[PDB]
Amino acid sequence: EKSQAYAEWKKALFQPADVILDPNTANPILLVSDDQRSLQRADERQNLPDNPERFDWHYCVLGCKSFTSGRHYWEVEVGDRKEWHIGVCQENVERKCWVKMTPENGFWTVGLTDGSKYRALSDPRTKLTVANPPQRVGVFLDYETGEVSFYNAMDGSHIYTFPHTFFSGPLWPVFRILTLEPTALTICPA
């Protein structure tokens, strides 16, 4: 059973992350749920303080915990949301000015545009071919081997693995949404 083997694999090798959204980091156009599990976009930017930790250009928010070591996974209910990008980024990313979200710029993210265009946000972007659109996505980090990978968390099918790299400093769970859609992104608890 592919669900069973996915469950047994993630349990054997990856620490289960309990990820909550940090509204202090969130671009002003983002709405973070009271339980800090769910992410929607506002109509327009809210008036929030431009504290140094807040994303002011990218429509990004971070988790409340970073990783400097170990294997970690978390799963995100993306449901039928037609646009979303998730993964990890370095503590030291540019949060204020425009930069391309690329591994070179400290972002390892994949996701969906316009309902049907899956991409890895590599440089240049990798067009994914996804036979079964995921409803829940597992994010898998191995700090020591520089590994960031993504799976369909319902059927265990692989989506994308970045080239193995070298990480500098802490890695944060990162979430980006560009559009207004009925379906929020929701983090599954550990």
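Residue numbers here begin at 1 and follow the sequence given.
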Worksheet entry | Given 32-40 and 128-136, the range whose Cα B-factors average higher in the PDB entry | 128-136
Worksheet entry | Comparing 41-49 with 61-69, the one whose average Cα B-factor in the PDB entry is higher | 41-49
Discussion item. Take the CA temperature factors straight from the PDB entry and tell me which of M154, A26, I159, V148 peaks.
Written reply: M154
Discussion item. Looking at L171, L180, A12, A17, which one carries the largest C-alpha B-factor according to the PDB entry?
Written reply: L180
Practice prompt. Comparing against every modelled residue in the chain, figure out the third that the C-alpha B-factor of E144 lands in (lowest, middle or highest).
Written response: middle
Discussion item. Based on the deposited C-alpha B factors for this chain, I'd like to know if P103 is in the lowest, middle or highest third.
Written reply: middle
Worksheet item: If you rank the chain by CA B-factor, which third does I86 end up in: lowest, middle or highest?
Response: lowest
Worksheet item: Among the modelled residues of its chain, does the C-alpha B-factor of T109 lie in the lowest, middle or highest third?
Response: lowest
Discussion item. Ranking every modelled residue in this chain by its Cα temperature factor as given in the entry, which third contains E75?
Written reply: lowest
